[PDB]
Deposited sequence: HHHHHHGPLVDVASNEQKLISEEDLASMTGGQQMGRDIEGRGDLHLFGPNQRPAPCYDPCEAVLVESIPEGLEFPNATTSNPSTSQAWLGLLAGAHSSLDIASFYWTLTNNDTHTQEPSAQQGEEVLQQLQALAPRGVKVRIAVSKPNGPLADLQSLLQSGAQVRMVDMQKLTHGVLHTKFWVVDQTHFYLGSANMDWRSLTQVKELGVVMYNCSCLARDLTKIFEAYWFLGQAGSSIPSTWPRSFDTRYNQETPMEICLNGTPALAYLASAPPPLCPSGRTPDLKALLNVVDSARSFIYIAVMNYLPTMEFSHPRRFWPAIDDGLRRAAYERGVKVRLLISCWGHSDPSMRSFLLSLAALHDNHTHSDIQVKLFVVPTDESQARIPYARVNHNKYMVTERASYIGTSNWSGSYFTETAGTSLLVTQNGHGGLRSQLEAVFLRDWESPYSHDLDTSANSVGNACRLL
């Protein structure tokens, strides 16, 4: 029996951070969505974050481009004293965070999740839940560089209380794990379970149209019985595709990135199966900067060789590099595409994890999966964004020269 449907007028908006200087031949910016959500917050706010560097002092900079971030943090400091219950879960850092301390003295609650001891990973998840009604899910960290100097993609769902509570369940898992003497139970309490998963997705009304949406979580130790693992959701979306698969992730690596080294061909085998068996067109867009793993190159070539007229398989790989000028090269750890999403002709997947084994086995993450039988919607907007990025002059084949790219790219 399918679970109860939801009747809230949910509205999904694609949100993106376009770095300063990037020009294209438009979705709202991440800063606008965050500021609007903070202004409209009245009862509660839950945040799952990786790190907190929102001010020029955090990054030891004097960039005007930090203004948006500096505003956002200030707005966060306004939430607690006016009645909003603020709960913040962060990955355990190397040192105390000034933003978190200031929020703590503004009235917020901050807990550090020590995922390294628990599942040998980090709290890589980045999402917001507002008043149990709205939620943002994307790749934007709590970083000012994530608002003006780094390309980011996410989705903001407004007026969807049911899905917001579904995400609040995962946030509650994180919050419980944030306690000092806490460990992962063998079975989570039944208050953590969900009836909405891959087999029975939640029936929502998206922009006045029925849709099937659900949330997947990783790692498997942080998954109640009824919660679909993130890898299972990703592989289902990959396997159900019949026409095309468009993937945009910062890092794609069919191994365990940090481990004795282990091979992990799950997503790679799924993509190869889609390309060969059903003739699915696979386009893979990988971000490259001066901090990319060089070992990423060879594996990517191992996919690009599958483009062959005899096999009829069509796998193409492009590298997205954000150009940097003399001034922007001084901004530390910026000018990248941090996007993490996949779109087919029939499904949409938006995640907060890079595509490697750890992010699906040890490292926490959440992903939103949407299916809709319309002529468009969120899926069409995702496809349009991917096509714009893919056809932009910032995407290059694996044989391109490094000099004429505009930025340092280890893979080239």
- Write out the missing regions of the deposited sequence in sequence order, one range per stretch. 1-50, 76-79, 314
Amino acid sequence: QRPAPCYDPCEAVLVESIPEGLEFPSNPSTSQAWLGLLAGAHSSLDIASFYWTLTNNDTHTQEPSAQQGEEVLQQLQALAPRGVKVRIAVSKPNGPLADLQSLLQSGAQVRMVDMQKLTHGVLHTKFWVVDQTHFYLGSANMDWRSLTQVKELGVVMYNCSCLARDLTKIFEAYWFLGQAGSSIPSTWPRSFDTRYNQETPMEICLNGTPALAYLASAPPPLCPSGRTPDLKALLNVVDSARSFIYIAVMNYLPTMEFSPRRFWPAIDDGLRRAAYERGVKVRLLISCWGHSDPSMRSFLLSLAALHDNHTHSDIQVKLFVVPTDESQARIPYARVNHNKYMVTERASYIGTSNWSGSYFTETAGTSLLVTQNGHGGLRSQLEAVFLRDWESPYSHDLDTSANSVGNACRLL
From here on, numbers count along this sequence of modelled residues.
- Residue range whose averaged C-alpha B-factor is higher in the record, 52-60 or 362-370: 52-60
- Query: Mean C-alpha B factor from the entry: is it higher for 174-182 or for 295-303?
  - Reply: 174-182
- Could you say which of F135, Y214, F320, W188 has its CA atom at the highest B factor, as listed in the PDB entry? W188
- Item | Options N309, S91, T200, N141 - largest CA temperature factor per the record | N309
- Task: Quick one: classify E152 as lowest, middle or highest third of the chain based on its Cα B-factor.
- Result: middle
- Query: Can you tell me which third, lowest, middle or highest, the CA B-factor of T168 falls into for its chain?
  - Reply: highest
- Message: Lowest, middle or highest third: which one holds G270 when the chain's residues are ordered by CA B-factor from the entry?
- Response: lowest
- Message: Using the temperature factors of the C-alpha atoms in this entry, rank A33 within its chain: lowest, middle or highest third.
- Response: highest
- Item | Relative C-alpha B-factor of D399, binned into the chain's lowest, middle or highest third | highest
